[PDB]
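Peer 1: Below is a structure I'd like to ask you about.
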Amino acid sequence: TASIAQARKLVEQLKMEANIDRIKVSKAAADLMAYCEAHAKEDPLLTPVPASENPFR
Amino acid sequence: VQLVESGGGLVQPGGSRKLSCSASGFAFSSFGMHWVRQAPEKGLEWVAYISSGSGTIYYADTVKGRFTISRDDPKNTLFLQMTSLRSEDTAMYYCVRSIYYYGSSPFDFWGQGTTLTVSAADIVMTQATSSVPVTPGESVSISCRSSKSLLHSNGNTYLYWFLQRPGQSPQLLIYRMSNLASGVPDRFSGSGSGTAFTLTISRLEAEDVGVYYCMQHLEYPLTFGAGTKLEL
Amino acid sequence: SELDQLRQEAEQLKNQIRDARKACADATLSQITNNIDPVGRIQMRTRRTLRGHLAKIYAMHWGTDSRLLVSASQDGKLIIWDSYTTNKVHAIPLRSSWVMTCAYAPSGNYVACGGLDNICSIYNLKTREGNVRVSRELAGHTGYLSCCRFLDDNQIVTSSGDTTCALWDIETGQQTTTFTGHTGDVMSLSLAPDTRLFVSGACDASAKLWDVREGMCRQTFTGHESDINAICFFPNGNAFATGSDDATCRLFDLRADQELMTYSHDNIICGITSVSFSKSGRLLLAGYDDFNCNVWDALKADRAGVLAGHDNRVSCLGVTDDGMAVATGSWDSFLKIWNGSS
């Protein structure tokens, strides 16, 4: 009878997943905006660098 | 990895001799193979080169049309057929291996050398000093200069540093002027401005004594420097 | 009796976590990033076309120097390209031609491959003999190999089709840790930038975030309606995006423990075979089975540019470490290198 053991281990896993400090989306979505804004100039696909600097010219 | 050569000896002027370089311990068919000579009490001098698969062959201007170099992949042996041997060809001939791909280390292994004794436009690479008395525990910089800038358009500065300990084959230290070869301690360091180059040893050892050679690989023929000797 | 009440307790626990996730969301990624400037069309030109493969390409990985890339194909060949000059540095012949993944070590000395043989073979590129030879064949997986990523030169984490991910010690060949908890075949995994965690997407429409050191899953993410085909971390390591078979991508936030944005369009009904993030995390690219490869704007879910020149299903997709280029591989045996120009 492995069903009881599987149910017990799933219950323990869900227990360990439930007790997690979760932050608010509004305070977590703004971090992605901050990261994308702070690295906009260093991205050579979002803001392409001049053709004299592309190694794949 | 082992490179053993045979065929050297005393040859009358105008005669012929055949040198065979027997490679063992590595994939010989994938390594370009050079021949480098060293006249007695003098510096190194490039002789010939054959690529992997024998596609490309080069010769020095002093030797072009007189020697022929060939390789034999199934037997893992490299040949150098000599004709019209003259008194200026007496030298210690080294068999060198070099594999060329992005990030490789050409000229990394040298054979023990075979002695041949005959009875009786190119980039100029200059080493200012011929002998430097040194003591262990200090720092020494070896200075070399080139007639033409070695920094290519792609960003690679094709200069190599070789150390020839007394009674031993030269050993690759730094390839492309900054990259330290495998098996070489980190005390060696190289830097250059594209025309002027230097090699610095942080802390001398008893095994760092010998002659240091600077070699360019920007284009053929390959030219060595006069050599800087380190003595205790 | 016992199992019935245990499963009722498990369902109540999952309901509790569901309502916690619902409560923790004040808003969505739309209204927070509604007034930001749109990216605009991203014109990307095929600079290099790395021809040479003779069968469908299933995976590729960019080197740490953003110049060398390894590509795996069902030809039975692992090829390392010089993406700057379109040169074949190495062509490793694999023992088994059914290869579904490949990896490039962060140091660059090693590559890995695996597939239907359940074995993750590791090859030593830099050898004194001058050739490339397999150093360690890791065995212990029951299902096919889906993804493998290098922790260090000695640790590699692999995800298999037997619902298990595993951490390996290459010098010994034994699984240091085995990760369990998935119910369906695991198809991809993405190591964190901090390297201390990694997520894994499986065929059960779920993605689990694990801990390489502790050894068991921390968080689980649901939302997809079909198999998860490829996954990738956000560059900061606090988010990841999944590409599923139901023609939608999703951006999950580790700290918020729930999805933030979905990238779907009514024109595309094909599934996302591969996803990748731009160096700034602003452009999420995604290889589709429609032979195309869209370029989604992560913060606004608005399609911006298409890498349409592939003629067959795009199977792999990789953005360089410096973001200079995006290579894409496909079942027509050709990789293409892309980057925008002004």
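Residues in the structure tokens are named by chain (A, B, ... in the order shown) and by number from 1 within that chain; ligands are numbered from 1 in the order shown.
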Define the interface residues of chain B facing chain C as those within 12 Å, counting only C-alpha atoms, and report them as a count of residues only.
Peer 2: 28
Peer 1: Find the residues in chain C near chain A: any atom within 7 Å counts, using only C-alpha atoms. Write them as an mmCIF file with N, CA and C atoms, in the first residue's frame.
Peer 2:
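Final output, saved to out.cif:
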data_model
loop_
_atom_site.group_PDB
_atom_site.id
_atom_site.type_symbol
_atom_site.label_atom_id
_atom_site.label_comp_id
_atom_site.auth_asym_id
_atom_site.auth_seq_id
_atom_site.Cartn_x
_atom_site.Cartn_y
_atom_site.Cartn_z
ATOM 1 N N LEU C 3 -6.451 7.451 3.784
ATOM 2 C CA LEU C 3 -6.008 8.088 2.551
ATOM 3 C C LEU C 3 -7.005 9.135 2.071
ATOM 4 N N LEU C 6 -6.468 12.151 4.202
ATOM 5 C CA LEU C 6 -5.171 12.722 3.846
ATOM 6 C C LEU C 6 -5.255 13.516 2.547
ATOM 7 N N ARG C 7 -5.946 12.975 1.542
ATOM 8 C CA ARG C 7 -6.097 13.698 0.285
ATOM 9 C C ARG C 7 -6.998 14.917 0.450
ATOM 10 N N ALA C 10 -4.720 17.474 1.832
ATOM 11 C CA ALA C 10 -3.864 17.997 0.769
ATOM 12 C C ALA C 10 -4.616 18.989 -0.112
ATOM 13 N N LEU C 13 -4.991 22.186 1.763
ATOM 14 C CA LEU C 13 -3.717 22.898 1.777
ATOM 15 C C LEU C 13 -3.470 23.619 0.457
ATOM 16 N N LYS C 14 -3.746 22.947 -0.663
ATOM 17 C CA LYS C 14 -3.566 23.590 -1.959
ATOM 18 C C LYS C 14 -4.562 24.728 -2.156
ATOM 19 N N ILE C 17 -3.004 27.659 -0.269
ATOM 20 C CA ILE C 17 -1.947 28.332 -1.022
ATOM 21 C C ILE C 17 -2.535 29.095 -2.206
ATOM 22 N N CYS C 24 -2.233 37.893 -2.364
ATOM 23 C CA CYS C 24 -0.974 38.625 -2.459
ATOM 24 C C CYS C 24 -0.864 39.475 -3.720
ATOM 25 N N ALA C 25 -1.790 39.342 -4.669
ATOM 26 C CA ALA C 25 -1.717 40.074 -5.935
ATOM 27 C C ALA C 25 -2.629 41.293 -5.867
ATOM 28 N N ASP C 26 -2.025 42.470 -5.684
ATOM 29 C CA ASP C 26 -2.793 43.708 -5.778
ATOM 30 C C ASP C 26 -3.254 43.959 -7.206
ATOM 31 N N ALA C 27 -2.362 43.765 -8.173
ATOM 32 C CA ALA C 27 -2.656 44.041 -9.570
ATOM 33 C C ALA C 27 -1.839 43.081 -10.425
ATOM 34 N N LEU C 29 0.852 42.739 -14.154
ATOM 35 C CA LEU C 29 1.942 43.422 -14.837
ATOM 36 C C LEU C 29 1.453 44.448 -15.851
ATOM 37 N N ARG C 47 22.977 37.508 -39.538
ATOM 38 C CA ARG C 47 24.364 37.823 -39.861
ATOM 39 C C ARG C 47 25.096 36.594 -40.377
ATOM 40 N N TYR C 84 31.827 34.044 -34.713
ATOM 41 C CA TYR C 84 32.321 35.270 -35.328
ATOM 42 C C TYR C 84 32.676 35.053 -36.791
ATOM 43 N N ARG C 218 11.138 23.839 -3.699
ATOM 44 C CA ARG C 218 10.681 24.918 -2.832
ATOM 45 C C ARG C 218 9.316 25.457 -3.216
ATOM 46 N N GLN C 219 9.104 25.752 -4.495
ATOM 47 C CA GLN C 219 7.860 26.336 -4.970
ATOM 48 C C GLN C 219 7.412 25.598 -6.222
ATOM 49 N N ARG C 255 9.341 35.377 -5.961
ATOM 50 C CA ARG C 255 8.970 35.955 -4.674
ATOM 51 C C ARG C 255 7.459 36.082 -4.536
ATOM 52 N N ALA C 256 6.767 36.426 -5.622
ATOM 53 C CA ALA C 256 5.312 36.490 -5.594
ATOM 54 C C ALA C 256 4.665 35.121 -5.752
ATOM 55 N N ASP C 257 5.424 34.116 -6.190
ATOM 56 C CA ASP C 257 4.979 32.726 -6.275
ATOM 57 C C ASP C 257 3.796 32.535 -7.218
ATOM 58 N N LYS C 279 19.573 40.284 -22.663
ATOM 59 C CA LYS C 279 20.548 40.575 -21.617
ATOM 60 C C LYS C 279 19.978 41.501 -20.551
ATOM 61 N N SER C 280 19.056 42.383 -20.924
ATOM 62 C CA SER C 280 18.418 43.266 -19.960
ATOM 63 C C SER C 280 17.118 42.703 -19.406
ATOM 64 N N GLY C 281 16.660 41.562 -19.911
ATOM 65 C CA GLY C 281 15.375 41.038 -19.501
ATOM 66 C C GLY C 281 14.189 41.759 -20.093
ATOM 67 N N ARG C 282 14.405 42.572 -21.124
ATOM 68 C CA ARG C 282 13.336 43.341 -21.747
ATOM 69 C C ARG C 282 12.684 42.624 -22.915
ATOM 70 N N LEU C 283 13.441 41.846 -23.679
ATOM 71 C CA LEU C 283 12.903 41.092 -24.805
ATOM 72 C C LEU C 283 12.945 39.614 -24.451
ATOM 73 N N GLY C 323 24.605 39.621 -24.652
ATOM 74 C CA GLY C 323 23.441 40.055 -25.388
ATOM 75 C C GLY C 323 23.718 40.524 -26.795
ATOM 76 N N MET C 324 24.929 40.348 -27.271
ATOM 77 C CA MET C 324 25.234 40.903 -28.602
ATOM 78 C C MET C 324 24.441 40.152 -29.660
ATOM 79 N N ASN C 339 21.057 39.902 -34.766
ATOM 80 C CA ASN C 339 21.233 41.044 -33.878
ATOM 81 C C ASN C 339 20.706 42.290 -34.574
ATOM 82 N N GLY C 340 20.115 43.189 -33.793
ATOM 83 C CA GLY C 340 19.532 44.386 -34.365
ATOM 84 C C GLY C 340 20.582 45.394 -34.787
ATOM 85 N N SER C 341 20.222 46.208 -35.777
ATOM 86 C CA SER C 341 21.098 47.243 -36.302
ATOM 87 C C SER C 341 20.327 48.548 -36.431
ATOM 88 N N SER C 342 21.055 49.657 -36.350
ATOM 89 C CA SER C 342 20.448 50.980 -36.445
ATOM 90 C C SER C 342 20.729 51.620 -37.800
#
Peer 1: Show me, as a list in words, the residues that have an atom within 7 Å of residue 193 of chain C when counting only C-alpha atoms, minus same-chain residues fewer than 5 positions from it.
Peer 2: residues 235, 236 and 237 of chain C
Peer 1: Any chance you could export the current selection's N, CA and C atoms as a tab-separated table (two decimals), in the first residue's frame?
Peer 2:
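For reference, part35.tsv as written:
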chain	number	residue	atom	x	y	z
C	235	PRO	N	17.15	37.45	-16.12
C	235	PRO	CA	18.57	37.74	-15.87
C	235	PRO	C	18.90	38.05	-14.42
C	236	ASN	N	17.96	38.61	-13.66
C	236	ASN	CA	18.23	38.89	-12.25
C	236	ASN	C	18.02	37.68	-11.36
C	237	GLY	N	17.42	36.61	-11.87
C	237	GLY	CA	17.22	35.40	-11.11
C	237	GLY	C	16.00	35.39	-10.21
Peer 1: With a distance cut-off of 10 Å and only C-alpha atoms, select the neighbouring residues of residue 118 of chain B, excluding the residue or stretch itself and same-chain residues fewer than 5 positions from it, and output the selection as a count of residues only.
Peer 2: 15
Peer 1: I'd like the neighbourhood of residue 209 of chain C as a list in words, where a residue qualifies if any of its atoms comes within 7 Å (using only C-alpha atoms), though same-chain residues fewer than 4 positions away should be ignored.
Peer 2: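 Non-adjacent residues within range: residues 198, 199, 200, 217, 218, 219 and 220 of chain C.
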Peer 1: Taking only C-alpha atoms into account, name the residue in B:160, B:107, B:208, B:155 that is nearest to chain A.
Peer 2: B:155
Peer 1: Looking at B:144, B:4, B:209, B:215, which one is nearest to residue 231 of chain B, with distances taken over only C-alpha atoms?
Peer 2: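 Counting only C-alpha atoms, the residue closest to residue 231 of chain B is B:209.
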Peer 1: List every residue of segment 86-207 of chain C that DSSP, applied to the backbone of this structure, places in strand (DSSP E), and write the result as a ChimeraX atom specification.
Peer 2: /C:87-93,99-104,110-115,120-124,133-138,145-150,155-160,164-169,175-180,186-191,197-202,206-207
Peer 1: Excluding same-chain residues fewer than 5 positions from residue 59 of chain B, what lies within 10 Å of it counting only C-alpha atoms, as a VMD selection string?
Peer 2: chain B and resid 34 to 35 46 to 50 64 to 69 220 to 222
Peer 1: Okay, now the selection with C-alpha atoms, as a PDB file, in the first residue's frame?
Peer 2:
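To be explicit, this is the file written out as part35.pdb:
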ATOM      1  CA  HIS B  34      56.722  22.815 -38.497  1.00  0.00           C
ATOM      2  CA  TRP B  35      60.479  22.427 -38.760  1.00  0.00           C
ATOM      3  CA  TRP B  46      62.011  28.681 -39.048  1.00  0.00           C
ATOM      4  CA  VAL B  47      62.455  26.168 -41.884  1.00  0.00           C
ATOM      5  CA  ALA B  48      59.189  24.730 -43.214  1.00  0.00           C
ATOM      6  CA  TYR B  49      55.556  23.992 -42.397  1.00  0.00           C
ATOM      7  CA  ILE B  50      52.861  21.558 -43.520  1.00  0.00           C
ATOM      8  CA  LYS B  64      62.488  27.537 -50.636  1.00  0.00           C
ATOM      9  CA  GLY B  65      62.717  25.025 -53.469  1.00  0.00           C
ATOM     10  CA  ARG B  66      65.681  23.220 -51.882  1.00  0.00           C
ATOM     11  CA  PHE B  67      64.004  21.261 -49.069  1.00  0.00           C
ATOM     12  CA  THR B  68      60.677  19.463 -49.382  1.00  0.00           C
ATOM     13  CA  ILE B  69      58.533  18.662 -46.337  1.00  0.00           C
ATOM     14  CA  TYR B 220      54.959  33.727 -43.140  1.00  0.00           C
ATOM     15  CA  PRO B 221      57.928  33.311 -43.093  1.00  0.00           C
ATOM     16  CA  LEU B 222      58.027  33.015 -39.306  1.00  0.00           C
TER      17      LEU B 222
END
Peer 1: Residues at most 9 Å from residue 182 of chain C, counting only C-alpha atoms, excluding those fewer than 5 positions away in the same chain, as a PDB file with N, CA and C atoms, in the first residue's frame?
Peer 2:
ATOM      1  N   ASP C 162      11.908  10.755 -16.842  1.00  0.00           N
ATOM      2  CA  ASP C 162      11.313   9.943 -15.789  1.00  0.00           C
ATOM      3  C   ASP C 162      10.838  10.776 -14.607  1.00  0.00           C
ATOM      4  N   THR C 163      10.418  12.018 -14.855  1.00  0.00           N
ATOM      5  CA  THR C 163       9.870  12.913 -13.834  1.00  0.00           C
ATOM      6  C   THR C 163      10.878  13.227 -12.733  1.00  0.00           C
ATOM      7  N   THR C 164      12.173  13.135 -13.030  1.00  0.00           N
ATOM      8  CA  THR C 164      13.196  13.387 -12.026  1.00  0.00           C
ATOM      9  C   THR C 164      14.299  14.264 -12.596  1.00  0.00           C
ATOM     10  N   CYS C 165      14.714  15.255 -11.814  1.00  0.00           N
ATOM     11  CA  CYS C 165      15.942  15.994 -12.049  1.00  0.00           C
ATOM     12  C   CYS C 165      17.012  15.483 -11.093  1.00  0.00           C
ATOM     13  N   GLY C 201      10.675  22.653 -15.846  1.00  0.00           N
ATOM     14  CA  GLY C 201       9.334  22.537 -16.391  1.00  0.00           C
ATOM     15  C   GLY C 201       9.105  21.150 -16.960  1.00  0.00           C
ATOM     16  N   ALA C 202       7.946  20.583 -16.644  1.00  0.00           N
ATOM     17  CA  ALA C 202       7.631  19.214 -17.016  1.00  0.00           C
ATOM     18  C   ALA C 202       6.348  19.156 -17.834  1.00  0.00           C
ATOM     19  N   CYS C 203       6.060  17.958 -18.343  1.00  0.00           N
ATOM     20  CA  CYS C 203       4.892  17.734 -19.184  1.00  0.00           C
ATOM     21  C   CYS C 203       3.579  17.845 -18.424  1.00  0.00           C
ATOM     22  N   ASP C 204       3.614  17.906 -17.096  1.00  0.00           N
ATOM     23  CA  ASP C 204       2.405  18.016 -16.295  1.00  0.00           C
ATOM     24  C   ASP C 204       1.921  19.452 -16.149  1.00  0.00           C
ATOM     25  N   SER C 206       3.427  22.093 -15.175  1.00  0.00           N
ATOM     26  CA  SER C 206       3.887  22.702 -13.937  1.00  0.00           C
ATOM     27  C   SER C 206       5.391  22.911 -13.997  1.00  0.00           C
ATOM     28  N   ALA C 207       5.857  23.938 -13.291  1.00  0.00           N
ATOM     29  CA  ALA C 207       7.276  24.243 -13.171  1.00  0.00           C
ATOM     30  C   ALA C 207       7.622  24.325 -11.693  1.00  0.00           C
ATOM     31  N   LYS C 208       8.687  23.638 -11.294  1.00  0.00           N
ATOM     32  CA  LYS C 208       9.088  23.546  -9.898  1.00  0.00           C
ATOM     33  C   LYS C 208      10.455  24.183  -9.712  1.00  0.00           C
TER      34      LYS C 208
END
Peer 1: Pick from C:277, C:291, C:221, C:168: nearest to residue 314 of chain C, with only C-alpha atoms counted?
Peer 2: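 The shortest atom-to-atom distance to residue 314 of chain C comes from C:291.
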Peer 1: Just checking: using only C-alpha atoms, which residue out of B:153, B:129, B:174, B:166 ends up closest to chain A?
Peer 2: B:153
Peer 1: Can you list, as a PyMOL selection string, every residue of chain A that DSSP puts in alpha helix (DSSP H)?
Peer 2: chain A and resi 3-18+25-38
